[PDB]
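Chains as they are written, first to last, in the deposited numbering: chain C, 350 to 620, 641 to 646; chain I, 3 to 110, 125 to 251; chain B, 24 to 68, 79 to 141, 156 to 177, 181 to 247, 261 to 349; chain H, 3 to 114, 124 to 247.
By construction, the Cβ of each residue, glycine as well, lies at the ideal position given by its N, Cα and C atoms.
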Amino acid sequence: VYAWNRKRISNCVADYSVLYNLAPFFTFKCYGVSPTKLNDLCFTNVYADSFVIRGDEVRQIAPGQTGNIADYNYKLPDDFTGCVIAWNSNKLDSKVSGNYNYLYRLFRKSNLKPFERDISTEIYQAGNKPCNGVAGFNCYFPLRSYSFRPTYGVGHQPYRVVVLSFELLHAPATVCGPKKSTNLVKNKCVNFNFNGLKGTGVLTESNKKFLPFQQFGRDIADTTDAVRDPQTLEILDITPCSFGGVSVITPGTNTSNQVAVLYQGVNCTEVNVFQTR
Amino acid sequence: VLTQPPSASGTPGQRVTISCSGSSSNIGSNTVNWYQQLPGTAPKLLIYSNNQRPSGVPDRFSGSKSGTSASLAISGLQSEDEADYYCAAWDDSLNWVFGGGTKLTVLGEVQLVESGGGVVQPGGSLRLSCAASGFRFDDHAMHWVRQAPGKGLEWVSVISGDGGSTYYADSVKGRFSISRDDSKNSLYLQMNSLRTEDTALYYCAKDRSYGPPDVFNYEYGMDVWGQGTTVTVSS
Amino acid sequence: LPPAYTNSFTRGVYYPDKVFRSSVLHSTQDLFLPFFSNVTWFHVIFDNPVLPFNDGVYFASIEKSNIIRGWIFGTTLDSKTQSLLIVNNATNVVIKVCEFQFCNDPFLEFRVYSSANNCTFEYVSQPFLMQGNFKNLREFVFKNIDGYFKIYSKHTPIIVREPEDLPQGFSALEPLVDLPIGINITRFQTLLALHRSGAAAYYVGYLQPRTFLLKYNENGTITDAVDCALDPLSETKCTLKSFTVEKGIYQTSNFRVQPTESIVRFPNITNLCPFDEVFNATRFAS
Amino acid sequence: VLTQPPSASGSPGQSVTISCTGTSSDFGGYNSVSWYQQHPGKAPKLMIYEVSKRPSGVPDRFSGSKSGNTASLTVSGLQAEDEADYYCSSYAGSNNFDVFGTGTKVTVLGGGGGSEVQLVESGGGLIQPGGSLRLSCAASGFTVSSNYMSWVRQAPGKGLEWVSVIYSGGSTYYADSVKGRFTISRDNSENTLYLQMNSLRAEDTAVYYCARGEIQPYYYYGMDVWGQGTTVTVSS
Ligand SMILES: *[C@@H]1O[C@H](CO)[C@@H](O)[C@H](O)[C@H]1NC(C)=O
Ligand SMILES: *[C@@H]1O[C@H](CO)[C@@H](O)[C@H](O)[C@H]1NC(C)=O
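Quick look at the structure:
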């Protein structure tokens, strides 16, 4: 809690649905947004901050609260858009040999700034005396270790708490989330949403030699004609859907009522039957 | 508030899909819990945290939390699966909203017993007792889940294993006092301002978490129930 | 050093976007290098000035093996603001937008800087970005937009062993990196591999917002490009989408002489106010 | 609420070995059970803080091992003339007051801090019911603005209980008895630290004690120094 990581993670597809099945977490409260809508929001960089506290201290990790750990080791302002993911770790962080490894900085002079890490080891000076380093009656160790033991009960067990702070500064967002996909359909007029390029057409097989850096493709006069498959490299062709004009040939409503229907621009095989120019 | 089919149907051999709809304030920010109750006997936990299942519950049940709604699935139902299914979720407004019940009818070891009921004079009431036998009461929380005869279930109050902060329902707030003691496994719930609308069973439900179900929004559940007394005030 | 200057021929026409075009003429309007302009002839035979980065630059290098490697793009090159130290180490390229100010001088071992601050990007690109009388020319169009530091590149193995000068021939540049880091930059600093233990000379042009008509080949590559303000003939080739102008007279854009001075004449000053008689008296009022 | 024996007088100084049961756990987290010897008149004095390593004092009272679920403070062989009350502290859960125990009469016979830092109070003689009275414990020695001090009240017959806890600079937690009607306010950072009554509800008649150190999360602090209290004597 006095030296917590500040991992700045970016340039990834943050799939938060996977985090619900990695480890048996015991707390997944998110204050900012909902996890269902979180997978559809881009972010610049996520700050992962992890620490270990007791079971009775997990309530102290909140956007604004006092306590021995809430204002002395880690404080969260009233704008936290992440989560308070935490889980008990009483399977590998508790052995009967003396757990004099952690600490919680019981002594302090004032409340620390929210989202601040104070890596210090100087002897706590309780005023009215210059302490150049001494341990008696005026200046003591401002650090005190925990007493985590395996043969204990829940509430005073090692609980690993990891928060994921989100931020959106004046920089383009890197991490957005997981993007799904669908099976390709060929020789059929369907809709497409390839990398923002939306439209409708018949995705056919072309023989165009695209450059290794080009992704989209247009025509002589401002019309998309072919795009590159976002999956494994394949050169397709986007031709517009089946459209045409309908004309009725009629000998007149004076001898009979039989009419003929002419569809313009249709190979017949895309609607007796005759195929003319 | 949770929307649940009041009385669905189904045929043997195939599978059905019981759903539970809820807003993003209760289900969107927490995990739904599915409870199964046979007609006549005490309820029992079926699915907790939407991903895991207890040791007694076989693989014949499955649950999903796609979106803001929960979906149940029973692959290969039989006559033994003819029971009431209730959805429960902890809302962010310090409350525990339960479902209505699903009549999925198809026509082809620690004891948690409690007592302290009996008909009393309206206006006032008596204390509600509870007990157990060697189950580490300090490391578990307790709930009061009453059930009117023939009606559904609803959450009354909760006490955490630490014994500090406690929460009550929207109707039993103020006039109820839940507390424990340093003695053996017990739970004391005093009721005040009786309005004669309390004909239920007052199940002394055992949980598995330690703190109140507001900070642990992924482990909160409900362990094996207990045989409750039938308190009928009837004014 | 007295930096010389050379006439930059038709070179530096990069792909504006990623769109396949076959046998067409695309008239784009963007930041390009004006044809037949002046480019400084900084020779690396010692030299490391600070160039102004207004809206985009065109860097060149005719080094032999490893003379010119790295870029020190930044705004102030101080510890207050961030910077960019894209270098080309042994078969790798390290790209960090960390705010490493300096140590003593941009020379190079990572002897370019010696400090430690907070960083924002560590995109370590593994693929590096970089015959007796056969030199090697490497061109890079550096352009910055609201949310992307786009960097183009092209490597052409020139053959002629003439005095050091830009060759004759059209050669587009292919994008390789699309760093989405934002930063306000304005200064350009270069550095060479010292290794003490006519060599090379880098050309640094300047881009300007202009219109260029580019010709795409049947394969999908740009074969040539024509500017629109270089001569009365280029304007004719821009107003008509064809590089072969027939014989005759064609009406191009119109000209209008903009004014120079600005006069504002108002009526004569008269009919003053009697306030001068008010603020000067003996007995004023009660 | 803890469990302590009402009295203990049989076999004086041979098999007394008083303790405090009613825990039913492993003392929560930090296994630090303190023992306070409240003597009639002056303020109580610290006897032992941990299960061992007794502080500078009488050496005939040690071996306070945690047997079963209770700290059995071995008091045999101490003496045969004492008139005081032993109190034990436990239940170190997060934000849980009333850590003291009931009155245990450990009188073996029955019949037969001053200059350390400072000891001052307000002397609330004939306190008007309600109003707002301020009580201070100005300390010319230890800093009255950096250390963790507390306020504990006790009434005739009833035992002690946690009434006020104040951390270094940013915590003003109140006990469950006042539930909010008590507002702690620190005085000047270099003069003293006082309290505020804020319209008492006739239950604040108990005498107060401003301790320089925490009770349940007790730290060594070099020495445990208390101060004499004053009688409120409400007239509601
Ligand atoms: C993309 O993913 C597919 C499926 O795993 C894989 O076959 C392909 O090689 C990957 N790379 C490209 C070229 O899209
Ligand atoms: C129509 O379809 C037939 C059979 O596929 C094909 O041979 C013919 O070339 C097509 N003509 C047009 C106009 O599409």
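> Using DSSP with H/G/I as helix, E/B as strand and the rest coil, what is residue 112 of chain I?
Replying inline: There are no coordinates for residue 112 of chain I in this structure, because the numbering of chain I runs from 110 directly to 125.
> Quick one: is the Cβ of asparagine 616 of chain C within less than 8 Å of any heavy atom of ligand 2?
Replying inline: Taking the first sequence and counting its residues from 1, one reaches residue 616 of chain C at position 267. Indeed, a heavy atom of ligand 2 lies less than 8 Å from the Cβ.
> If you compare alpha carbons, which of B:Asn121, B:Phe275, B:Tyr269, B:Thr284 is closest to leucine 560 of chain C?
Replying inline: In the first sequence, counting from the first residue as 1, residue 560 of chain C sits at position 211. Looking at the Cα atoms, B:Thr284 is the closest of the given residues.
>> Just to confirm, is the Cβ distance from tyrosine 37 of chain I to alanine 91 of chain I under 9 Å?
In response: For this step, residue 37 of chain I is matched to residue 35 along the second sequence. For this step, residue 91 of chain I is matched to residue 89 along the second sequence. For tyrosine 37 of chain I and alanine 91 of chain I, no; Cβs fall outside 9 Å.
> Are the Cβ atoms of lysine 185 of chain B and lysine 97 of chain B separated by less than 9 Å?
Replying inline: If you number the third sequence from 1, residue 185 of chain B lands on position 135. If you number the third sequence from 1, residue 97 of chain B lands on position 64. Contact flag set, yes.
>> Just to confirm the assignment, what range does the beta strand (DSSP E) spanning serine 250 of chain I have?
In response: As a working note, residue 250 of chain I is residue 234 in the second sequence. Per DSSP, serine 250 of chain I belongs to no beta strand (DSSP E) and is neither H nor E.
> Quick one, are the C-beta atoms of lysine 200 of chain B and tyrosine 170 of chain B less than 9 Å apart?
Replying inline: As a working note, residue 200 of chain B is residue 150 in the third sequence. As a working note, residue 170 of chain B is residue 123 in the third sequence. Going by C-beta atoms, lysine 200 of chain B is not nearer than 9 Å to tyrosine 170 of chain B.
>> What ranges does the alpha helix (DSSP H) occupy inside the stretch 134-170 of chain H, keeping only unbroken runs of at least 4 residues that lie completely in it?
In response: Correct list: empty.
> Can you list the residues of chain C that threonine 154 of chain H reaches, using a CB-CB cut of under 8 Å?
Replying inline: Walking along the fourth sequence from the start, residue 154 of chain H turns up at place 143. Taking a Cβ-Cβ cut-off of 8 Å, the neighbours of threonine 154 of chain H in chain C comprise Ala475, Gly476, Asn477, given in sequence order.
> Just curious, the alpha helix (DSSP H) that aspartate 339 of chain B is in, first and last residue?
Replying inline: The residue labelled residue 339 of chain B in the question sits at position 276 within the third sequence. Here the alpha helix (DSSP H) through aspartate 339 of chain B covers 338-341.
> Going along chain C, which residues have a C-beta under 9 Å from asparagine 202 of chain H?
Replying inline: Here residue 202 of chain H corresponds to residue number 191 of the fourth sequence, with the count starting at 1. Ordered by position in chain C, no residue passes the 9 Å Cβ test against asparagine 202 of chain H, which lies about 12 Å from the chain.
> Can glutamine 580 of chain C be considered in contact with ligand 3, in the sense that its beta carbon sits closer than 8 Å to one or more heavy atoms?
Replying inline: Ligand 3 is absent from the structure shown, which contains only ligand 1 and ligand 2.
>> Beta carbons nearer than 7 Å to chain C: which residues of the stretch 217-244 of chain I have them?
In response: From the stretch 217-244 of chain I, only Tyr226, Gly227, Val231, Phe232, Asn233, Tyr234, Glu235 have a Cβ closer than 7 Å to chain C.
>> My parser needs the alpha helix (DSSP H) runs of 4 or more residues fully inside the stretch 289-341 of chain B; what are they?
In response: The stretch 289-341 of chain B contains these whole alpha helix (DSSP H) runs: 295-302, 338-341.
> Who are the neighbours of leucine 4 of chain H on chain I, taking C-beta pairs under 7 Å?
Replying inline: Position 2 of the fourth sequence, counting from 1, holds the residue named residue 4 of chain H. In chain order: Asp198.
> What in chain I is Cβ-close to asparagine 370 of chain C, meaning under 9 Å?
Replying inline: Walking along the first sequence from the start, residue 370 of chain C turns up at place 21. Neighbours of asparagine 370 of chain C on chain I, chain order: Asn53.
> If we ignore side chains and look at the alpha-carbon of each, how far apart do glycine 594 of chain C and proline 8 of chain I end up?
Replying inline: Here residue 594 of chain C refers to the residue found at position 245 when the first sequence is read from its first residue. Here residue 8 of chain I refers to the residue found at position 6 when the second sequence is read from its first residue. When rounded, the distance between both Cα atoms is 54 Å.
> In or out: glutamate 406 of chain C buried (at least 16 other Cβ within 10 Å) or exposed?
Replying inline: In the first sequence, counting from the first residue as 1, residue 406 of chain C sits at position 57. Classification for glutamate 406 of chain C: buried.
>> Going by beta-carbon coordinates alone, are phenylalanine 456 of chain C and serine 514 of chain C separated by less than 9 Å?
In response: Within the first sequence, numbered from 1, the residue matching residue 456 of chain C stands at position 107. Within the first sequence, numbered from 1, the residue matching residue 514 of chain C stands at position 165. Going by C-beta atoms, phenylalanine 456 of chain C is not nearer than 9 Å to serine 514 of chain C.
> In terms of alpha-carbon separation, which member of B:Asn282, B:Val308, B:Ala27 lies closest to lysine 557 of chain C?
Replying inline: Within the first sequence, numbered from 1, the residue matching residue 557 of chain C stands at position 208. That would be B:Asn282, whose Cα lies nearest to the Cα of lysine 557 of chain C.
>> Using only the alpha-carbon positions, how far apart do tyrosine 266 of chain B and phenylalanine 92 of chain B sit?
In response: Looking up residue 266 of chain B in the third sequence gives position 203. Looking up residue 92 of chain B in the third sequence gives position 59. Approximately 6 Å, taken between the alpha carbons.
> Using a C-beta to C-beta distance shorter than 7 Å, which residues of chain B count as neighbours of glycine 566 of chain C?
Replying inline: Taking the first sequence and counting its residues from 1, the one referred to as residue 566 of chain C is at position 217. Ordered by position in chain B, the residues that pass the 7 Å Cβ test against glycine 566 of chain C are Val42, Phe43.
> On the three-state DSSP scale, how would you describe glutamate 224 of chain B?
Replying inline: Translated into the one-based positions of the third sequence, residue 224 of chain B becomes position 174. Three-state result, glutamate 224 of chain B: strand.
> When you check each C-beta in the stretch 22-44 of chain I against every C-beta of chain C, which residues fall closer than 9 Å?
Replying inline: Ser26, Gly30, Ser31, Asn32, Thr33
> Using a C-beta cutoff of 9 Å, does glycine 150 of chain I count as contacting chain H?
Replying inline: Taking the first residue of the second sequence as 1, we reach residue 150 of chain I at position 134. By this cut-off, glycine 150 of chain I is not an interface position.
> Would residue 633 of chain C pass as a contact of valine 510 of chain C if the rule is Cβ separation under 9 Å?
Replying inline: Missing from the coordinates: residue 633 of chain C, inside the break in chain C from 620 to 641.
> From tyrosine 28 of chain B to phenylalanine 65 of chain B, what does the alpha carbon distance come to, in whole angstroms?
Replying inline: On the third sequence, position 5 is the one that residue 28 of chain B refers to. On the third sequence, position 42 is the one that residue 65 of chain B refers to. Distance between the alpha carbons of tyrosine 28 of chain B and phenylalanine 65 of chain B is about 8 Å.
> What residues from chain H crowd round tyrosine 380 of chain C, counting only those whose CB sits closer than 9 Å?
Replying inline: Residue mapping note: residue 380 of chain C aligns to position 31 of the first sequence, counting from 1. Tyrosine 380 of chain C does not reach chain H, its nearest Cβ partner there being about 21 Å away, counting only Cβ pairs nearer than 9 Å.
> Going along the stretch 511-522 of chain C in order, which residues come within less than 8 Å of chain B, judged by CB to CB distance?
Replying inline: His519, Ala520, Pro521
> Out of curiosity, what's the CA-to-CA distance linking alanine 222 of chain H and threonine 76 of chain H?
Replying inline: In the fourth sequence, residue 222 of chain H corresponds to position 211, counting from 1. In the fourth sequence, residue 76 of chain H corresponds to position 74, counting from 1. Approximately 26 Å between the Cα atoms of the pair.
> So with Cβ pairs under 9 Å, would you call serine 446 of chain C a contact of chain H?
Replying inline: One-based indexing of the first sequence puts residue 446 of chain C at position 97. Chain H, which has no Cβ nearer than 9 Å to the Cβ of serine 446 of chain C, makes this no.
> If you draw a straight line from the alpha carbon of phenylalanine 59 of chain B to that of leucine 118 of chain B, how long is it in whole angstroms?
Replying inline: By one-based count along the third sequence, residue 59 of chain B stands at place 36. By one-based count along the third sequence, residue 118 of chain B stands at place 85. Cα to Cα, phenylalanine 59 of chain B sits roughly 31 Å from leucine 118 of chain B.
>> Three Cβ pairs or more, each shorter than 8 Å: is that satisfied between the stretch 515-524 of chain C and the stretch 390-404 of chain C?
In response: yes
> Can you list the residues of chain C that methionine 234 of chain H reaches, using a CB-CB cut of under 8 Å?
Replying inline: Counted from its first residue, the fourth sequence places residue 234 of chain H at position 223. The contacting residues are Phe486.
> Taking the runs of the beta strand (DSSP E) that are 3 residues or longer, which of them lie wholly in the stretch 501-541 of chain C?
Replying inline: 508-516
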